[PDB]
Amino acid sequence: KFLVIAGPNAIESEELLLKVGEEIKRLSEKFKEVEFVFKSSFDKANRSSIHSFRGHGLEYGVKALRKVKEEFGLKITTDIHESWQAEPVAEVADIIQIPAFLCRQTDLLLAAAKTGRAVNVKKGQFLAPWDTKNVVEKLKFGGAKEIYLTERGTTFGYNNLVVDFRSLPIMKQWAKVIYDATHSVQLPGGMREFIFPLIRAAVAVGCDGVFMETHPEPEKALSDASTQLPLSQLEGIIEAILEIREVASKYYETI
């Protein structure tokens, strides 16, 4: 079924996760035609500034995510940054996420694959669609069976990203494809106004799921504040993508 990966960008507090998990749980019951996966990072290991919010550590993060899964029965996904983290994270994460800048780090991919969990690799901003074939091959060699590739924009000049929708059908040749509606519109070093329009494009073109960050009060977010979606708007967007997918899917090209 269609995958919807959503949650607050960073684990600002297990409290925040619970509030967002509650809504995601509700939508989960309302849209049985969708597989929801709760996402949140225990650490922002690649911030531009040394003075920016990183998180409360792996232990606190895995604990809070464990709370969400136990209290709501929702699948979990979070990203790892160094090989040693794969094992402890796999204790709770159904899907281990690989950061865009780290999509070429062989040991991180192999460590993720070794856990037996599904792996979702964020496509590096420096990678071409066809360059992802090798990424999948690494994961398969490592024993991974459920593999996702996420479109999150490509470097387009300085401090800007562009989404080449041709990437969706190309990557689909070797993995399930997810469209990251949040990071794709962020200006490195974004505009929330383009989030919905581009997500409509993604489903019209055809993808296996959508990744969207949501926060009760985006303005107060300690990360991706400019692009996280207000929690209250999540339901409407999900319904919209299901409606567009229902009609457009008739035209999705084979493989």
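Throughout, we count residues from 1 along the sequence that is shown.
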On average, are the C-alpha B-factors higher in 62 to 70 or in 207 to 215? 62 to 70
Averaging C-alpha B-factors over each stretch, which comes out higher, 13 to 21 or 240 to 248? 13 to 21
Deposited CA B-factor, highest of 222, 50, 198, 37: 222
Report the option among 121, 175, 162, 92 whose CA atom has the maximum B-factor in the deposited record. 92
When the modelled residues of the chain are sorted by Cα temperature factor, does residue 114 land in the lowest, middle or highest third? highest
In terms of its chain's C-alpha B-factors, the third that includes residue 104 is the lowest
Quick check for you: using the entry's CA B-factors within this chain, is residue 31 in the lowest, middle or highest third? highest
Where the record places residue 229 (Cα B-factor, split into thirds across the chain): highest
Residue 137: CA B-factor among chain residues, third -> middle
